[PDB]
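I have placed the structure first, in the form of structure tokens, so that the comments after it can refer back to it.
As a convention, Cβ positions derive from the backbone with ideal geometry for all residues, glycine included, and neighbour counts pool all protein chains shown. What follows draws every value from the coordinates through simple rules; no lab data is involved.
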Amino acid sequence: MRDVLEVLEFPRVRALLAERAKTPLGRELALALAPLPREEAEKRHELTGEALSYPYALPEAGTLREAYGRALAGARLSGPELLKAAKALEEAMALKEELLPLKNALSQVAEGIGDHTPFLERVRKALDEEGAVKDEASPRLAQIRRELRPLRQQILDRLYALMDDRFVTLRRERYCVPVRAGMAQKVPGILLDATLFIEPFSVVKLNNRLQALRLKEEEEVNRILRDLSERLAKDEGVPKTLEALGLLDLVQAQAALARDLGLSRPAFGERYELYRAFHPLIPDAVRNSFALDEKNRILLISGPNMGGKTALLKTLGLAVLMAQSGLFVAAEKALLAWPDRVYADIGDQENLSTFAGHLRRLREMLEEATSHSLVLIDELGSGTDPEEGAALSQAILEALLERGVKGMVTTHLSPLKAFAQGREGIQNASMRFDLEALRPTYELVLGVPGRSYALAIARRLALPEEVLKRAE
Amino acid sequence: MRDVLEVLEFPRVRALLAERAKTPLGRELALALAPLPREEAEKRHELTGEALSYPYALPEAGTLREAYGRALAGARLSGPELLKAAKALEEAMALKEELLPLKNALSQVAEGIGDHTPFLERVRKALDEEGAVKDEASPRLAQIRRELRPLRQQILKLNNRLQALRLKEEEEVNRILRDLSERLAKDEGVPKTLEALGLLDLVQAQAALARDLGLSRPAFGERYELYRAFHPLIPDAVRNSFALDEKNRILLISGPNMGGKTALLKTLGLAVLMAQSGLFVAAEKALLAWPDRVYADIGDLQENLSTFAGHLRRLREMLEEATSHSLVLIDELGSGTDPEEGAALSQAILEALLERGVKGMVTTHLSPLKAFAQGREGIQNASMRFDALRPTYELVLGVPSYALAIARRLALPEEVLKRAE
Ligand SMILES: Nc1ncnc2c1ncn2[C@@H]1O[C@H](COP(=O)(O)OP(=O)(O)O)[C@@H](O)[C@H]1O
Ligand SMILES: Nc1ncnc2c1ncn2[C@@H]1O[C@H](COP(=O)(O)OP(=O)(O)O)[C@@H](O)[C@H]1O
Ligand SMILES: [Cl-]
Ligand SMILES: [Cl-]
Ligand SMILES: [Cl-]
Ligand SMILES: [Mg+2]
Ligand SMILES: [Mg+2]
Ligand SMILES: [Mg+2]
Ligand SMILES: [Mg+2]
Ligand SMILES: [Mg+2]
Ligand code: NA
Ligand code: NA
Ligand code: NA
Ligand code: NA
Ligand code: NA
Ligand code: NA
Ligand code: NA
Ligand code: NA
């Protein structure tokens, strides 16, 4: 289900991916990315590589979507709100003509970008660069504008007989002048705290036939803006265009992730072989390279935690899940097969109700894992009795080697190190320690178990030499 | 070093004790509480015992101290503020009259209360029930005051000066309570009285601590024998009991995490620290030794190379600097690294310490270590046991199980492969 994407911190990979979307359309798709059918995932891989090859820009799709959705509901869209949507459609078509001569997988997506010309040429006639509605837009408005602009110069007009302050302003959307202490008639807008904002008697009557022509201004503009909105809504090209951008935004981010982290195109075969692989979320991550195949199914990692043990289990699993999701994956080169189910046993320490939780996941593996399934097991046999737990831990390893699963196990149990020798299909490996430098490395040593650390600490630490006392 | 005080959460034990001070003076002592010379230790139970037997109450010393501060700085002390210091000084002497006749070690502490009679009769003649200044205070202020006897009411910015006799009056007053502030400063038992009061506050709190947490009264000896001990800081603590003697010196407490095992170590050693500090230990009956040093090897949860190299740095100390009178608390021995060298080193540390004849208590997870511990001079296997997958958390001496059947109680397949030969 989930609980494998959760365990492997896949949503953090989604979080990084959506940070590199340029629209919410891409952002949403990244936040719901998940393992795909194999043809889709490779097609996402091929798309990602080619968007590395030729970068492209995007509209603000999503402002386009939000305007279009409001049009479908039958909002009366704002002028610039139409204009901003109109430009995004215009850039979407322009991107399509940019992308088609590439004649490759980017172009095939871009073929979904519609012909939005009839909406555009409506818009370019209708409204100007600022989103206000032109005189051109209907003839009915043009007569209104022709009867309005000259009337607005009355009042121009501007009488003196001064003593008044300055200017001409309009209050309550009717023209007026400021005056102090006079002797000039009529009907006051507001007052000061001197101004008194006068609305002379002479120019009341032809104020109302400017308010009248104002009410016709909206009554023909709010006809036009609605009609432009319905022309946007009744444009069947926009979904298939919006679908196309959300890919192109997502596939832009699925590549810009790989540029930014060091990710690569995997290929799918019948066995895993990673070349300098690492955890995407670990900064400056140490690069390591292994291979699991039908001869060497299960890789048993013997470990001074905290020196790499759990990160590799997440490193393998996260590369596979990103691969199945169409993401580029965290290697110099990656060859992974395609498990029917990943099984992850990883914690959230280490006594004995961790161990029950470890058993609870392993039982799920023991019942319904096939030879095609990939198993990650952390802290096998720890948290519990080292004697009885060792026999159980071998008992579960035998169950899965006979089962033909592939995957990776981390354990501390020395009786399990002796078991990975001499038993076909499981192999030992460890994590290096510069015990001289008193650090983990975090390299990986294939073939070599987590051999002996404890004495060599002591000599650097100035313990008595009457001790040691070495049994062996 | 007392690192080990910090390690064993001793300042938390101080924090409870200082909470039950009735004065700042006792509160300061409790936060300063240290392991003691043994006579003062064995004394301070005889006080903490008897101050349970005969409880008392204490004055507002501190406010005695701080006001007697400001009259060593020589403020003109406030009118009530001198009365309050006097009230404690009187209230301090009621203790000495009350705490003398029982003759106990409680009584010898009361013998440092001063004979503050000369101060108090100066107070009592001068200044009143309310902290005002009265006529009685002097030849001067009994006059001057009487006098001030006005005339008024002549009726059916009023002339008659305005108060140009009356408004003179004044200052007068001190002098007398500046003299009494100096008399407070120069009184020759006051620092000794404050020492006696603060100690009785400290003993009072320690008596309250004993009742509140269920504490009892160690006796010291040449071997440990703890009887239903527990941890004073673990609420509803399970009780447990053992002996470290010369015969059985070291208790190798096997057993799992969460557990018990890391906090028996604190249970023993904090009782030892709490005893050596003249306090009441966390047990029904407890018999203890007086170790020259207590070494704790306790950390700071999952167990590393770096914790182990931390742990190895404290076993270096014990191997270098522990005698047969030492008490060692060693945690998670050989946890951290491979079992392979991890045991063969951890054994050799045990042998060196069983040779050295220290007495202590160890927690490990190494299987070979508990097959070493069966068959040796004095070292014994214990465990905390386990339940419903619960821990209990009660010791079992003798006894280092249970890796399967978690599995069968989860009903895995079978897959048994119970062949653990
Ligand atoms: N290859 C690596 N590169 C960088 N850091 C790593 C690497 N592997 C592990 N780490 C560090 O170790 C932690 C992961 O725990 P890890 O050591 O893998 O599990 P375990 O404690 O079981 O060995 C992370 O916080 C990370 O910082
Ligand atoms: N005697 C006890 N009574 C009640 N609770 C205890 C007791 N001993 C330990 N605990 C509980 O166990 C916790 C300490 O863990 P601990 O058992 O010391 O770990 P470990 O199993 O590694 O020794 C404490 O939080 C405490 O609540
Ligand atoms: Cl139109
Ligand atoms: Cl014996
Ligand atoms: Cl069975
Ligand atoms: Mg781990
Ligand atoms: Mg090998
Ligand atoms: Mg512990
Ligand atoms: Mg001694
Ligand atoms: Mg030796
Ligand atoms: Na991580
Ligand atoms: Na899967
Ligand atoms: Na009391
Ligand atoms: Na009390
Ligand atoms: Na155990
Ligand atoms: Na505790
Ligand atoms: Na190891
Ligand atoms: Na051994």
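Here are the numbers for this structure:
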| item | result |
| --- | --- |
| Descending semi-axes in whole angstrom, ellipsoid equivalent of region A:1-42, from the Cα gyration tensor | 18, 15, 8 |
| Environment charge at residue A:216 (Cβ cut-off 10 Å; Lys +1, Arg +1, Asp -1, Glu -1) | -3 |
| Rh (Kirkwood; distinct C-alpha pairs) - region A:35-103, Å | 14.3 |
| Label-point gap, in nm, between residue A:117 and residue B:396 - each point 7 angstrom along Cα→Cβ | 8.9 |
| HN-Hα J in Hz across region B:305-317 - Karplus 6.51, -1.76, 1.60, θ = phi - 60°, x for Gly and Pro | 5, 7, 4, 5, 5, x, 5, 5, 6, 9, 6, 4, 4 |
| Cut-off under 5 Å, modelled amide H: who pairs with residue B:382 long-range | B:252, B:253, B:254, B:398, B:399 |
| Reduced Cα scattering model of region B:257-376, Debye log10 I(q)/I(0), q = 0.12, 0.20, 0.22, 0.23 Å⁻¹ | -0.45, -1.19, -1.37, -1.45 |
| Rg followed by Dmax, in Å, when chain A is reduced to its Cα trace | 36.1, 118 |
| Compactness relative to 2.2 N^0.38 Å, alpha carbon Rg of the protein assembly as shown | 1.54 |
| Mean separation of Cα contacts under 8 Å, 6 or more apart, over the residue count of region A:1-133: relative contact order % | 20 |
| 3J(HN,Hα) from dihedral phi, region A:59-70, Karplus parametrisation 6.51/-1.76/1.60, rounded to Hz, x for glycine, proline | x, 6, 2, x, 5, 4, 5, 5, 4, 5, x, 5 |
| Pair residue B:351, residue A:194: separation of 7 Å Cα→Cβ label points (nm) | 10.2 |
| Ratio Rg/Rh [Cα only; Rh per Kirkwood] for region A:361-472 | 1.06 |
| Cα pair distances exceeding 22 angstrom across region B:90-166, given as percent | 56 |
| Chain lengthening between residue A:231 and residue A:268 when straightened (0.36 nm per residue, less Cα-Cα) | 8.6 nm |
| Distance violations [Cα-Cα > 20 Å] among A:134/A:240; B:134/B:157; B:96/B:134; A:22/A:125; B:134/B:186; A:84/A:125 | A:134/A:240; B:134/B:157; B:96/B:134; A:22/A:125; B:134/B:186 |
| Counting DSSP beta bridges with both ends in the protein assembly as shown, the antiparallel % (nearest 5) | 40 |
| Beta bridges by DSSP in chain A, antiparallel share as percent, to the nearest 5 | 45 |
| Net charge over other residues, Cβ less than 13 angstrom from the Cβ of residue B:22 (K, R count +1; D, E count -1) | -3 |
| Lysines whose Cα lies under 26 Å from that of residue B:247, excluding same-chain neighbours fewer than 8 positions away | A:469, B:261, B:266, B:285, B:359, B:370 |
| Label zone at residue B:90 (point 7 Å along Cα-to-Cβ), backbone N below 14 Å, region B:107-139 | B:116-132 |
| Per-residue [θ]222 nm for chain B (sum of -39500 (n - 2.57) over DSSP H runs n ≥ 4, rounded to 500) | -13000 deg cm²/dmol |
